[PDB]
Amino acid sequence: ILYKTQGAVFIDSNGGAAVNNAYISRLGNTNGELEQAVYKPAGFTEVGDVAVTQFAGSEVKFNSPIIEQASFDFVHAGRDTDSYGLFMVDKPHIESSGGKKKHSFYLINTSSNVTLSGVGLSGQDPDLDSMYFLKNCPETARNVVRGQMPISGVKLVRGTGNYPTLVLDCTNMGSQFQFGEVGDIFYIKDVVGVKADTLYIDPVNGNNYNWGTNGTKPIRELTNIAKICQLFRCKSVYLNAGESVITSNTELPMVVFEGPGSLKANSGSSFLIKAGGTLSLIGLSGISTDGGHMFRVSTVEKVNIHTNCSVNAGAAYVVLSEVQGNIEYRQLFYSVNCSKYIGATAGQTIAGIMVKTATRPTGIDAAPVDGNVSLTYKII
Amino acid sequence: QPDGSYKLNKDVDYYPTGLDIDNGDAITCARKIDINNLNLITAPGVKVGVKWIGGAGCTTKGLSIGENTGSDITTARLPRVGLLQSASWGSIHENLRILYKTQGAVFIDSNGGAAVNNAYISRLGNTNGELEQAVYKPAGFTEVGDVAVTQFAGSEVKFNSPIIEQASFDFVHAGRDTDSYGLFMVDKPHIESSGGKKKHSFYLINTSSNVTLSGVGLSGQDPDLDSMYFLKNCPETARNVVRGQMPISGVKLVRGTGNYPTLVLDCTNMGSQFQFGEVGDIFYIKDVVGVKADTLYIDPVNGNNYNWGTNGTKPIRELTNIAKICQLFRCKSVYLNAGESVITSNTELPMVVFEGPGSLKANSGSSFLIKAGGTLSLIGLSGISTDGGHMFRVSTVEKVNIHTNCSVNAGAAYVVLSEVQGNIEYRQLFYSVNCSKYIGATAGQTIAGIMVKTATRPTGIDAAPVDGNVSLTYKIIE
Ligand SMILES: OC[C@H]1O[C@@H](O)[C@H](O)[C@@H](O)[C@@H]1O
Ligand SMILES: OC[C@H]1O[C@@H](O)[C@H](O)[C@@H](O)[C@@H]1O
Ligand SMILES: OC[C@H]1O[C@@H](O)[C@H](O)[C@@H](O)[C@@H]1O
């Protein structure tokens, strides 16, 4: 199919239908971005030509399609009532002259299973273009990506709605961490078979579009560092120079934090510890808050907090347990300031404490914790 | 031409590249061509059967090349190279049948979106197939032997359900030299070869791949060299993904060259391969998803490093990759068969239960390495000792538990040395223990708990069981 506005459009009942080795292309992409789709689902209001459009419960199987010069390669909407109609594309060969493109898979209220074949790209707009756009996909939907990402860097995903649904199923990412961008990390639900050892943060020169798992492309904010570390099984977080700050309670992954940066909790916020393990701050320029307790522990599992940097909770505590916890805190050298090292909201929390520094509040040596904490050992 | 005109290619070896099509150096005149059941036979010795060059969007169904003349292949009416294709993006070969002598089909350069479905490619018998020298191939492929399907220079043809028979090499694929572009894609290949003669099924050079196995396959008769996969110089960023079902009979999975592992087992159904097959070279496996084994077996006397090691009847021989192997298959324990399992350089031990009659020895001043949190347990072994180095070098800041219920001898060294600001709990249960200090550290304070429950211990350190860089949380001795 050689078309001007829309290549092929599949609507309503098409059970079991198949489209094999389709070769669908606009006759060039000149002014393609100005075409207006004629037959489309109401949820699709973007301007731009669309090679393949599907909606109202249609679930045609697209096997090895070849799509060229399109603003949108695929626009698919699940059925309005229950999100029925799986978007199925196996190994699409996507290309466009000059790299002009808006999105490859614009998915509305739907699930999908796509296998990439190492061919593709994302548009020239550094803010809006992305391989995937997930619009209002429900909580129970999953948009599964298998196969090989394109060789050149692309922006993987953007979206609207409250639920993440993108799944990297053993996806071969190539050098995307180094040369590409995730786009909006919020939309990724889970990741299988893809790891990275370190997440890089740079509050001055970082970019939130980046994956953050490669040193030359660090992200900028702390907002999603726990999620990213959980997805890629990161073992460390590297803080580039400057102050990495939070203004709302934010979770910190239980990993090793390193680098010249510092951590700061503003607006009375606290850093959150929601998982067992060991949180280590090694060699940072310091961690402090402007009034909130430093670490709010919400897990009953063994939590180890290892701070080898300057620590200043001011009048507040270093650790506050919101459950009946089990905590081991060790401060190594540098300095520490707080009213109590560990406290708890209620019915007894067990804790172990080691403070190895002359620069500490000597006054609480004999009474290091509040009444709700019972010590297993105290080494000061 | 030099004068600016154009001449029809009449050269047997010529094939146009994507570059040529853009340079104006080549202009294709192959379009709107459709083939249905064309049978092509050739006199013995003819070089190429079909030159499918520049045939973008051209299609084929039931194209059949070569004649099954008789048992002797040197006199059979089939060509040395069945089909050679380039600059054919969007071309589809449906149910292509090839009887060849040297090479079945060859795909080079631009072939974007091209597909070869249900191809039936076979050498006419495998007699002297290993002596066949490939004619059109990537520079990186220097091996001798017939090749059913060859692909290089960025060609990324989709191969769906091909049936490949009697080939030395079923597939030889090389990614583009500059950026490793060109995914090797094969869905459910039905590979067979009389008398199990074969060198490799997938010889992959500087490339990524996605292969789905259908429970059909085998590896050659050579116990050292033959393997299903051979990964030659695949880049760090590449992934060679294996899905589906492994062959029923044992095979050797992988061998390679290069410094980076790229093979991925994605929920692969291994059947009884741990018991009857071999991994070959564990180094090349990058990661494993959905495949677990409870125990890793080591036998310094009767073990074979080619083995998976996860089945009792097929243990591995050395300790070099036990950490790697345990991480891949989530092993809960390691069983040491009778004999001394030794290391001559720093080697990591997974945080699992070690059991069996074997012993552990660190020679040449080496140390066992603890890089992960958890509990390392040595239960009932013949003992663990070193010839001078510290026994356990801890480099993780996570909670480390060391449970020794066997004889322990670190001589003049420590049982545990924390190279970081550690958090360790050590417990010696019965047997005997010898060391200068039970736990020590290189610098800035390490917290530790210790229990030594045995009369045969260095009694002179009951009062000072650890060095000055370690602070105790509890101490249970006597
Ligand atoms: O773009 C930001 C990055 O630039 C790199 O050159 C530096 O090595 C990083 O420290 C920094 O985060
Ligand atoms: O890192 C970001 C993540 O932080 C977690 O503590 C929240 O529970 C998640 O909703 C969020 O995605
Ligand atoms: O067991 C083998 C593994 O041991 C680890 O300690 C090393 O970091 C890896 O390089 C190696 O593959």
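The sequence lines fix the lettering, A, B, ..., with proteins before strands; numbering per chain opens at 1. Numbering of ligands and ligand atoms starts at 1, following listing order.
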Undergrad: Answer yes or no for atom 7 (C) of ligand 1: protein heavy atom present at a distance under 4.0 Å?
TA: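 Given the 4.0 Å limit, the answer for atom 7 (C) of ligand 1 is no, no protein heavy atom qualifies.
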
Undergrad: Atoms of ligand 1 less than 4.0 Å from A:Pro218 heavy atoms?
TA: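 Per the distance check, 2 (C), 12 (O).
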
Undergrad: Describe, in one word, how the ring planes of B:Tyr414 and B:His390 are oriented to each other, choosing from parallel (under 30°), tilted (30 to 60°) and perpendicular (over 60°).
TA: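 B:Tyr414 and B:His390: tilted rings.
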
Undergrad: Do any heavy atoms of A:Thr223 fall under 4.0 Å from ligand 2?
TA: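 A heavy atom of A:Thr223 does come that close to ligand 2.
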
Undergrad: Suppose we measure from atom 5 (C) of ligand 1 to each protein heavy atom; which comes out shortest, and what is that distance?
TA: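 Heavy-atom neighbour on the protein nearest atom 5 (C) of ligand 1: A:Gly215 O, 4.6 Å.
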
Undergrad: Should you measure from each heavy atom of A:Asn240, which atoms of ligand 1 turn up under 4.0 Å away?
TA: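 Within the 4.0 Å cut-off of A:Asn240, ligand 1 contributes 9 (C), 10 (O), 11 (C), 12 (O).
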
Undergrad: Using the six-membered ring wherever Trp is involved, compare the ring planes of A:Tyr238 and A:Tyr200 and label them parallel, tilted or perpendicular (cut-offs 30° and 60°).
TA: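 Plane angle between 30° and 60°, so tilted.
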
Undergrad: As an exercise, identify every atom of ligand 2 less than 4.0 angstrom from a heavy atom of A:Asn224.
TA: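 Here the atoms of ligand 2 in question are 1 (O), 2 (C).
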
Undergrad: Is there a protein heavy atom less than 4.0 Å away from atom 11 (C) of ligand 3?
TA: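 When distances to the protein are checked, atom 11 (C) of ligand 3 has no heavy atom within 4.0 Å.
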
Undergrad: For the residue pair A:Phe295 and A:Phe271, does the interplanar ring angle fall in the parallel (under 30°), tilted (30 to 60°) or perpendicular (over 60°) class?
TA: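 Geometry flag for A:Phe271 against A:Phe295: tilted rings.
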
Undergrad: Anything under 30° is parallel, anything over 60° is perpendicular, the rest tilted; go ahead and classify A:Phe177 against A:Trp211.
TA: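 It falls in the tilted class, 30° to 60°.
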
Undergrad: Considering only heavy atoms of A:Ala226, which atoms of ligand 2 have at least one such atom less than 4.0 Å away?
TA: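 That gives atoms 1 (O) of ligand 2.
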
